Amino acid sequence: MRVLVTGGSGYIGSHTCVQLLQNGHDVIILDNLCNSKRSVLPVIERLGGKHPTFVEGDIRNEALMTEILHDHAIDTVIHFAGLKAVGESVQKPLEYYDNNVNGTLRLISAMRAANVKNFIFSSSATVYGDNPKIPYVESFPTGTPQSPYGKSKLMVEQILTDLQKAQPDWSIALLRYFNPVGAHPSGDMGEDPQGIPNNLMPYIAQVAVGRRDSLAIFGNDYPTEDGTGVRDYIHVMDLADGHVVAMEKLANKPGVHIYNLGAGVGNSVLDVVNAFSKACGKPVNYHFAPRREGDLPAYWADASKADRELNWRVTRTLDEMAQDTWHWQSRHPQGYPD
């Protein structure tokens, strides 16, 4: 199929582009490079084994979006582009609402214009809000995200939903991601955050590479087995595979298809640190700090629905996630070149 992948040069997108190309789809990447570098492109094509076309630009430019859609006779769009720094979203809300809400709105508006009616959206478990019921199941009604970031994600799911209702021929997948981690097995592609990483695995990786002193474990008095926060981590490669499958099987299947994409099990901060210590050959330094604001104690996904309906489940393990991350970190300590 002909697929426009917005945000395709980013962490999740890049990996999905590789898998998509491997499956012989024709890929057009649209990215504004605010959070990635063009240097990943050649790696995508090399690992993907096929050339993806790149367009530098912004989802907020509806005229441009429409043109690209027509120009490349796109059949489906996978929308990864947007801003995702939680803390920053609290500090700079407008930028999050503009990039994510308006951003998606302009993009689907262009779709409408170009008659494209297959969409896949990067959503998040944040949409479940403060749910005491765990694991989270797609049948639960959504809650109230606590950051502008989370809210922006739920707002898009809602706009997408109403759109589908008004244009019943569209197929729209709402893919709720849990905690993505890991890197391509070759060690040549991975997450390349700039500055202080906000997430656990890259932070740990930077501590391990010798960039940072110690990992601050936010909180150690949670009502969990070891006192540390519990989440569901999923390898970026499994996530990527899930996007290809969802794109392939839901195309032209009218409806709003909501799927949690997770491993279906939780791991605590210590579990993750321990796996990384083992992958890198040395104990990861860390200490306990206070709980981070807005942090829930424990949650993971119920991913039976996607197993049942899409025949998709994760196949990589936590140890792989850590190993693969270390291999990339270690092979490319400066990330992608400028």
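Start at 1 and count along the sequence shown; that's the residue number.
Participant: Using the B-factors recorded in the PDB entry, average over the C-alpha atoms of 31 to 39 and of 269 to 277, then report which stretch comes out higher.
Facilitator: Averaged over C-alpha atoms, the B-factors run higher in 31 to 39.
Participant: Do the C-alpha atoms of 278 to 286 or of 291 to 299 have the higher average B factor in the entry?
Facilitator: Comparing averages over the C-alpha atoms only gives 291 to 299.
Participant: Quick one: which of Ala322, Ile12, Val314, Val18 has the biggest Cα B-factor according to the entry?
Facilitator: In the PDB entry, the greatest C-alpha B-factor among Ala322, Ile12, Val314, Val18 is found at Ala322.
Participant: Take the CA temperature factors straight from the PDB entry and tell me which of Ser152, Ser171, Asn179, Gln91 peaks.
Facilitator: In the PDB entry, the greatest C-alpha B-factor among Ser152, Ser171, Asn179, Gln91 is found at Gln91.
Participant: Can you tell me whether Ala306 has a C-alpha B-factor in the lowest, middle or highest third compared with the other modelled residues of the same chain?
Facilitator: It belongs to the lowest third of the chain when residues are ordered by C-alpha B-factor.
Participant: Quick check for you: using the entry's CA B-factors within this chain, is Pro197 in the lowest, middle or highest third?
Facilitator: Within its chain, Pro197 is a middle-third residue by C-alpha B-factor, going by the deposited values.
Participant: What third of its chain, lowest, middle or highest, does the C-alpha temperature factor of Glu56 fall into?
Facilitator: Middle third.
Participant: Compared with the other modelled residues in the chain, in which third is the CA B-factor of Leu47?
Facilitator: Highest third - that is where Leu47 ends up once the chain's C-alpha B-factors are sorted.
Participant: For the chain shown, is the CA B-factor of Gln167 in the lowest, middle or highest third of its modelled residues?
Facilitator: Ranked within chain, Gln167 CA B lands in the lowest tercile.
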